[PDB]
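Let me begin by presenting the structure, written as structure tokens, before commenting on it.
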There are 2 protein chains.
Amino acid sequence: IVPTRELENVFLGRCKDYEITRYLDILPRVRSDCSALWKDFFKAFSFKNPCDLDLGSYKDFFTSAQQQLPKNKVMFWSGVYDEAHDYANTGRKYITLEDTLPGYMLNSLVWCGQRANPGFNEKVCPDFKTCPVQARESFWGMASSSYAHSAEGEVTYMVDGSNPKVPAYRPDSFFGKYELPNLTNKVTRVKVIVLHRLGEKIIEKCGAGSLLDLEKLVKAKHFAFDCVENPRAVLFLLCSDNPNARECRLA
Amino acid sequence: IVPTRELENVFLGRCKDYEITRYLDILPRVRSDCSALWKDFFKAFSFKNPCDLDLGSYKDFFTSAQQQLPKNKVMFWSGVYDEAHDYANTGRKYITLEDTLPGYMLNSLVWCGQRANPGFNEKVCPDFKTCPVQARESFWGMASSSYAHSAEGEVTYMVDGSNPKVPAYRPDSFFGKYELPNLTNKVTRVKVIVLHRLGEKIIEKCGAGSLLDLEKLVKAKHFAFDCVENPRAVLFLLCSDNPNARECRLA
Ligand SMILES: NC(=O)c1ccc[n+]([C@@H]2O[C@H](COP(=O)([O-])OP(=O)(O)OC[C@H]3O[C@@H](n4cnc5c(N)nc(F)nc54)[C@H](O)[C@@H]3O)[C@@H](O)[C@H]2O)c1
Ligand SMILES: Nc1nc(F)nc2c1ncn2[C@@H]1O[C@H](COP(=O)(O)OP(=O)(O)OC[C@H]2OC[C@H](O)[C@@H]2O)[C@@H](O)[C@H]1O
Ligand SMILES: NC(=O)c1cccnc1
């Protein structure tokens with residue numbers, strides 16, 4: 001893959017944009033300057049081989065960047081990026097990882113270290129499936145970890161019950177690796193939302209299969225559990241993109 | 001009412017981020033670099049009294065910042081900012097002025113000039129309703145003119161039909177002053193979408209009142225014209241937010 005151009009400029013620009021104007025009524029301000037943020041972020045990967053990284057490489061950066069999160073509002077998702085963020089509504093109904101400072105600064109960006117000056121690669125970045133797992137998941141794994149760790153009260157989980165090749169809940173998702181195991185006794189309940197893509201064969205159902213596994217894990221953390229399939233407000237979102245579906249017919 | 005802090009840094013940060021990462025498949029890059037853009041912007045109001053502006057003050061800036069816009073995808077809106085932007089879907093279905101470079105950089109921001117150094121006011125910005133209309137509307141009126149002037153093919157206009165106090169179409173709106181009068185022969189059609197808020201009395205309908213005036217006005221310029229109220233895809237977005245309304249009763 002081709003690395004993002006003028007990485008420092010984009011980082012510092014999104015950082016200043018967010019600081020002054022984004023989520024002011026929804027998430028608290030970070031306590032560090034954007035230059036200090038850049039400095040911890042850069043020294044995490046710079047002057048090293050693109051696969052030298054591990055789960056600790058970005059710890060100082062995420063310590064500098066972490067935000068206290070609104071009780072009851074935190075959302076996780078697997079397999080339904082577009083639907084979860086549409087439904088979250090840019091922080092107004094739920095908060096996602098992407099609404100917090102570090103997700104919003106690096107969302108979609110591409111970067112990597114090298115050993116010669118200037119210590120990063122402007123030309124090429126390795127396909128990351130070529131690195132050991134602790135290295136290919138250094139950044140986004142620690143991100144999901146801090147984030148889950150800060151969740152309080154109710155949390156929400158959106159998933160896909162229409163995928164014949166991917167279970168609604170997998171222990172090897174980012175949610176299963178990093179999120180679920182990191183939630184504290186400050187969390188009280190897990191509310192799952194199963195998406196049935198319209199026009200398509202239903203594959204997972206509440207309490208059966210991987211959702212029944214998930215249920216048992218959640219109760220084992222002494223957390224409450226509920227699960228619903230196409231709740232009306234979410235169904236209406238889907239229907240808007242496919243107003244003809246049989247599921248969408250009105251009285 | 002307080003002015004945006006670190007205006008220049010916010011402006012430049014937003015400009016750089018948009019340049020490198022935003023709308024890359026949806027809209028073209030402008031030729032002019034960020035510091036050249038800043039120049040043109042700042043000379044418009046700097047070192048003059050706050051109400052010492054007119055429609056031609058920001059002219060060089062908008063000249064520099066204007067993008068060609070993709071055919072059939074331009075949308076206008078009155079009275080329904082949230083609903084129109086949700087439905088336009090960040091450029092994926094329709095483009096709005098807030099998706100273009102100059103609208104993206106200045107959206108939500110607050111600034112004004114002053115005669116003394118630094119040439120702009122960091123303390124307060126006169127309740128712009130204090131100023132002659134050509135000063136109060138110098139920036140966003142010129143933004144709207146330039147945007148409308150660039151539109152091709154079909155264009156769409158989303159309006160409020162439940163406001164007893166404010167008609168669907170008004171000659172004194174930004175659409176009536178700046179946008180409709182500036183559409184060129186490159187535009188072939190104007191498609192109106194009338195929004196009826198759930199559970200609010202319906203005030204305006206296609207073919208009556210101000211919408212009738214709008215139809216004739218649009219017939220004069222030799223565009224086609226259609227109009228529709230609460231079409232399904234828009235209606236479902238509304239129900240998503242108020243699933244229990246009578247209009248959202250499922251069969
Ligand atoms: N914002 C994020 O990017 C982000 C990333 C990971 C986890 N999160 C947290 O964990 C859950 C989403 O991961 P999930 O439960 O695994 O659900 P998914 O739909 O499978 O998403 C993986 C897809 O993202 C793409 N991806 C991006 N970067 C990478 C990366 N370094 N490495 C890899 F492998 N994939 C990446 C990749 O193409 C892959 O196809 C959410 O609760 C979220 O808070 C957010
Ligand atoms: N000088 C000003 N500067 C700024 F930033 N905002 C202003 C100013 N004056 C009034 N406003 C606010 O700006 C809003 C004017 O909105 P509506 O009335 O809802 O629709 P319309 O008038 O047609 O103007 C929206 C249409 O103009 C171009 C755009 O692409 C779309 O086609 C009002 O809600 C009002 O609170
Ligand atoms: N975004 C705005 O404030 C705005 C105001 C007037 C016209 N167009 C946009």
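Note on naming: chains are A, B, ... as they come in the structure tokens, residues start from 1 per chain, ligands start from 1 in the order shown.
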For ligand 2, return the neighbouring residues as a PDB file with N, CA and C atoms, in the first residue's frame (distance at most 9 Å; only C-alpha atoms and all ligand atoms).
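Written out: part00.pdb:
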```pdb
ATOM      1  N   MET B  75     -27.491  19.537  -4.222  1.00  0.00           N
ATOM      2  CA  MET B  75     -28.650  19.759  -3.416  1.00  0.00           C
ATOM      3  C   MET B  75     -28.588  21.121  -2.672  1.00  0.00           C
ATOM      4  N   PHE B  76     -29.752  21.778  -2.616  1.00  0.00           N
ATOM      5  CA  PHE B  76     -30.046  22.925  -1.778  1.00  0.00           C
ATOM      6  C   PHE B  76     -31.070  22.560  -0.691  1.00  0.00           C
ATOM      7  N   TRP B  77     -31.106  23.379   0.343  1.00  0.00           N
ATOM      8  CA  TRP B  77     -31.955  23.136   1.518  1.00  0.00           C
ATOM      9  C   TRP B  77     -32.442  24.453   2.205  1.00  0.00           C
ATOM     10  N   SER B  78     -33.700  24.507   2.684  1.00  0.00           N
ATOM     11  CA  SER B  78     -34.150  25.625   3.577  1.00  0.00           C
ATOM     12  C   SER B  78     -34.923  25.071   4.754  1.00  0.00           C
ATOM     13  N   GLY B  79     -34.448  25.340   5.951  1.00  0.00           N
ATOM     14  CA  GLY B  79     -35.248  25.069   7.120  1.00  0.00           C
ATOM     15  C   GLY B  79     -35.083  23.680   7.663  1.00  0.00           C
ATOM     16  N   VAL B  80     -34.220  22.884   7.026  1.00  0.00           N
ATOM     17  CA  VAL B  80     -34.096  21.467   7.375  1.00  0.00           C
ATOM     18  C   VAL B  80     -32.667  20.940   7.237  1.00  0.00           C
ATOM     19  N   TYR B  81     -31.715  21.676   7.829  1.00  0.00           N
ATOM     20  CA  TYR B  81     -30.297  21.381   7.807  1.00  0.00           C
ATOM     21  C   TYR B  81     -29.993  19.923   8.189  1.00  0.00           C
ATOM     22  N   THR B  96     -23.698  18.853  -0.773  1.00  0.00           N
ATOM     23  CA  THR B  96     -24.236  20.092  -0.287  1.00  0.00           C
ATOM     24  C   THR B  96     -23.041  21.035  -0.251  1.00  0.00           C
ATOM     25  N   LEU B  97     -23.275  22.338  -0.039  1.00  0.00           N
ATOM     26  CA  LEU B  97     -22.205  23.326   0.050  1.00  0.00           C
ATOM     27  C   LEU B  97     -21.213  22.984   1.178  1.00  0.00           C
ATOM     28  N   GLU B  98     -21.696  22.423   2.283  1.00  0.00           N
ATOM     29  CA  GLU B  98     -20.825  21.991   3.405  1.00  0.00           C
ATOM     30  C   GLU B  98     -19.829  20.812   3.151  1.00  0.00           C
ATOM     31  N   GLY B 103     -16.952  25.648   2.110  1.00  0.00           N
ATOM     32  CA  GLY B 103     -18.017  25.354   3.115  1.00  0.00           C
ATOM     33  C   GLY B 103     -17.548  24.420   4.229  1.00  0.00           C
ATOM     34  N   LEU B 106     -15.165  26.632   6.654  1.00  0.00           N
ATOM     35  CA  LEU B 106     -15.751  27.717   7.463  1.00  0.00           C
ATOM     36  C   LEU B 106     -17.022  27.348   8.164  1.00  0.00           C
ATOM     37  N   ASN B 107     -17.553  26.162   7.884  1.00  0.00           N
ATOM     38  CA  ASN B 107     -18.776  25.791   8.560  1.00  0.00           C
ATOM     39  C   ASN B 107     -18.680  25.933  10.083  1.00  0.00           C
ATOM     40  N   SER B 108     -19.704  26.507  10.695  1.00  0.00           N
ATOM     41  CA  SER B 108     -19.774  26.686  12.144  1.00  0.00           C
ATOM     42  C   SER B 108     -18.875  27.761  12.684  1.00  0.00           C
ATOM     43  N   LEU B 109     -17.964  28.292  11.873  1.00  0.00           N
ATOM     44  CA  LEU B 109     -16.942  29.200  12.447  1.00  0.00           C
ATOM     45  C   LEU B 109     -17.565  30.602  12.648  1.00  0.00           C
ATOM     46  N   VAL B 110     -16.952  31.409  13.515  1.00  0.00           N
ATOM     47  CA  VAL B 110     -17.325  32.790  13.747  1.00  0.00           C
ATOM     48  C   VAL B 110     -16.074  33.713  13.752  1.00  0.00           C
ATOM     49  N   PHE B 128     -24.567  39.987  14.052  1.00  0.00           N
ATOM     50  CA  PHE B 128     -24.506  40.450  12.659  1.00  0.00           C
ATOM     51  C   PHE B 128     -25.794  41.066  12.145  1.00  0.00           C
ATOM     52  N   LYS B 129     -26.915  40.831  12.833  1.00  0.00           N
ATOM     53  CA  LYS B 129     -28.181  41.463  12.465  1.00  0.00           C
ATOM     54  C   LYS B 129     -28.105  42.970  12.661  1.00  0.00           C
ATOM     55  N   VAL B 133     -27.466  44.442   5.238  1.00  0.00           N
ATOM     56  CA  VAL B 133     -27.646  43.095   4.741  1.00  0.00           C
ATOM     57  C   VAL B 133     -26.447  42.656   3.844  1.00  0.00           C
ATOM     58  N   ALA B 135     -23.392  43.350   4.209  1.00  0.00           N
ATOM     59  CA  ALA B 135     -22.263  42.963   5.086  1.00  0.00           C
ATOM     60  C   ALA B 135     -22.640  41.675   5.810  1.00  0.00           C
ATOM     61  N   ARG B 136     -23.828  41.632   6.410  1.00  0.00           N
ATOM     62  CA  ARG B 136     -24.267  40.437   7.142  1.00  0.00           C
ATOM     63  C   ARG B 136     -24.206  39.154   6.225  1.00  0.00           C
ATOM     64  N   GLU B 137     -24.347  39.357   4.921  1.00  0.00           N
ATOM     65  CA  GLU B 137     -24.498  38.198   3.972  1.00  0.00           C
ATOM     66  C   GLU B 137     -23.344  38.127   2.943  1.00  0.00           C
ATOM     67  N   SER B 138     -22.341  38.977   3.138  1.00  0.00           N
ATOM     68  CA  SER B 138     -21.134  38.976   2.332  1.00  0.00           C
ATOM     69  C   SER B 138     -20.493  37.581   2.155  1.00  0.00           C
ATOM     70  N   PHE B 139     -20.211  36.860   3.243  1.00  0.00           N
ATOM     71  CA  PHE B 139     -19.527  35.505   3.141  1.00  0.00           C
ATOM     72  C   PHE B 139     -20.440  34.386   2.637  1.00  0.00           C
ATOM     73  N   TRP B 140     -21.489  34.072   3.386  1.00  0.00           N
ATOM     74  CA  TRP B 140     -22.360  32.934   2.913  1.00  0.00           C
ATOM     75  C   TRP B 140     -23.237  33.251   1.683  1.00  0.00           C
ATOM     76  N   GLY B 141     -23.545  34.520   1.438  1.00  0.00           N
ATOM     77  CA  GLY B 141     -24.231  34.838   0.176  1.00  0.00           C
ATOM     78  C   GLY B 141     -23.378  34.626  -1.072  1.00  0.00           C
ATOM     79  N   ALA B 143     -20.730  32.593  -0.964  1.00  0.00           N
ATOM     80  CA  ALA B 143     -20.544  31.093  -1.016  1.00  0.00           C
ATOM     81  C   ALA B 143     -21.676  30.410  -1.840  1.00  0.00           C
ATOM     82  N   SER B 144     -22.924  30.869  -1.623  1.00  0.00           N
ATOM     83  CA  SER B 144     -24.106  30.251  -2.239  1.00  0.00           C
ATOM     84  C   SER B 144     -24.213  30.565  -3.710  1.00  0.00           C
ATOM     85  N   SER B 145     -23.876  31.813  -4.087  1.00  0.00           N
ATOM     86  CA  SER B 145     -23.857  32.220  -5.495  1.00  0.00           C
ATOM     87  C   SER B 145     -22.897  31.423  -6.336  1.00  0.00           C
ATOM     88  N   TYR B 147     -21.474  28.512  -5.597  1.00  0.00           N
ATOM     89  CA  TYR B 147     -21.884  27.124  -5.583  1.00  0.00           C
ATOM     90  C   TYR B 147     -23.022  26.877  -6.596  1.00  0.00           C
ATOM     91  N   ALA B 148     -24.088  27.699  -6.506  1.00  0.00           N
ATOM     92  CA  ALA B 148     -25.205  27.530  -7.438  1.00  0.00           C
ATOM     93  C   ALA B 148     -24.702  27.701  -8.895  1.00  0.00           C
ATOM     94  N   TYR B 157     -33.848  20.354  -4.134  1.00  0.00           N
ATOM     95  CA  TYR B 157     -34.104  21.338  -3.093  1.00  0.00           C
ATOM     96  C   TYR B 157     -35.086  20.734  -2.080  1.00  0.00           C
ATOM     97  N   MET B 158     -34.582  20.511  -0.875  1.00  0.00           N
ATOM     98  CA  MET B 158     -35.311  20.043   0.288  1.00  0.00           C
ATOM     99  C   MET B 158     -35.770  21.218   1.135  1.00  0.00           C
ATOM    100  N   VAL B 159     -37.089  21.263   1.367  1.00  0.00           N
ATOM    101  CA  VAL B 159     -37.754  22.361   2.123  1.00  0.00           C
ATOM    102  C   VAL B 159     -38.663  21.864   3.269  1.00  0.00           C
ATOM    103  N   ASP B 160     -38.853  22.702   4.296  1.00  0.00           N
ATOM    104  CA  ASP B 160     -39.805  22.497   5.422  1.00  0.00           C
ATOM    105  C   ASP B 160     -41.285  22.778   5.087  1.00  0.00           C
ATOM    106  N   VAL B 166     -42.994  30.288   8.430  1.00  0.00           N
ATOM    107  CA  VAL B 166     -41.966  30.399   7.361  1.00  0.00           C
ATOM    108  C   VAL B 166     -42.360  29.508   6.156  1.00  0.00           C
ATOM    109  N   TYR B 169     -41.123  28.030   0.031  1.00  0.00           N
ATOM    110  CA  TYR B 169     -40.316  28.889  -0.800  1.00  0.00           C
ATOM    111  C   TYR B 169     -40.503  30.425  -0.468  1.00  0.00           C
ATOM    112  N   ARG B 170     -39.382  31.163  -0.266  1.00  0.00           N
ATOM    113  CA  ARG B 170     -39.412  32.608   0.055  1.00  0.00           C
ATOM    114  C   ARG B 170     -38.407  33.317  -0.848  1.00  0.00           C
ATOM    115  N   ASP B 172     -36.884  35.863  -0.099  1.00  0.00           N
ATOM    116  CA  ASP B 172     -35.825  36.366   0.866  1.00  0.00           C
ATOM    117  C   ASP B 172     -34.972  35.334   1.594  1.00  0.00           C
ATOM    118  N   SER B 173     -35.113  34.075   1.234  1.00  0.00           N
ATOM    119  CA  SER B 173     -34.201  33.067   1.676  1.00  0.00           C
ATOM    120  C   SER B 173     -32.902  33.146   0.853  1.00  0.00           C
ATOM    121  N   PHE B 174     -31.874  32.459   1.330  1.00  0.00           N
ATOM    122  CA  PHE B 174     -30.659  32.276   0.641  1.00  0.00           C
ATOM    123  C   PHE B 174     -30.858  31.547  -0.675  1.00  0.00           C
ATOM    124  N   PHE B 175     -31.787  30.567  -0.726  1.00  0.00           N
ATOM    125  CA  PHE B 175     -32.125  29.955  -1.996  1.00  0.00           C
ATOM    126  C   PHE B 175     -32.735  30.997  -2.932  1.00  0.00           C
ATOM    127  N   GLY B 176     -33.712  31.770  -2.463  1.00  0.00           N
ATOM    128  CA  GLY B 176     -34.334  32.773  -3.322  1.00  0.00           C
ATOM    129  C   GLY B 176     -33.501  33.977  -3.730  1.00  0.00           C
ATOM    130  N   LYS B 177     -32.512  34.365  -2.903  1.00  0.00           N
ATOM    131  CA  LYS B 177     -31.719  35.525  -3.196  1.00  0.00           C
ATOM    132  C   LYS B 177     -30.530  35.169  -4.068  1.00  0.00           C
ATOM    133  N   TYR B 178     -29.924  34.006  -3.786  1.00  0.00           N
ATOM    134  CA  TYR B 178     -28.585  33.712  -4.272  1.00  0.00           C
ATOM    135  C   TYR B 178     -28.452  32.490  -5.118  1.00  0.00           C
ATOM    136  N   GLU B 179     -29.341  31.509  -4.923  1.00  0.00           N
ATOM    137  CA  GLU B 179     -29.107  30.220  -5.518  1.00  0.00           C
ATOM    138  C   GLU B 179     -29.938  30.010  -6.800  1.00  0.00           C
TER     139      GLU B 179
END
```
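Residues lying within 7 Å of residue 162 in chain A, counting only C-alpha atoms and ignoring same-chain neighbours fewer than 3 positions away, are residues 196, 197, 200, 201, 202, 203 and 204 of chain A.
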* To do: Write out as a PyMOL selection string every residue belonging to chain B that has an atom at most 6 Å from any atom of chain A, counting only C-alpha atoms.
  => chain B and resi 10+13+17+233+236+240+243+249-251
* Between CA of residue 121 in chain A and atom 19 (O, counted along the ligand's line) of ligand 1, measure the distance and give it in Å to one decimal. =>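 Interatomic distance, CA of residue 121 in chain A to atom 19 (O, counted along the ligand's line) of ligand 1: 27.8 Å.
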* Neighbours of range 217-224 of chain B within 12 Å (only C-alpha atoms; same-chain residues fewer than 2 positions away dropped), as a PyMOL selection string? -> chain B and resi 152-156+169-171+176+180-192+210-215+226-227
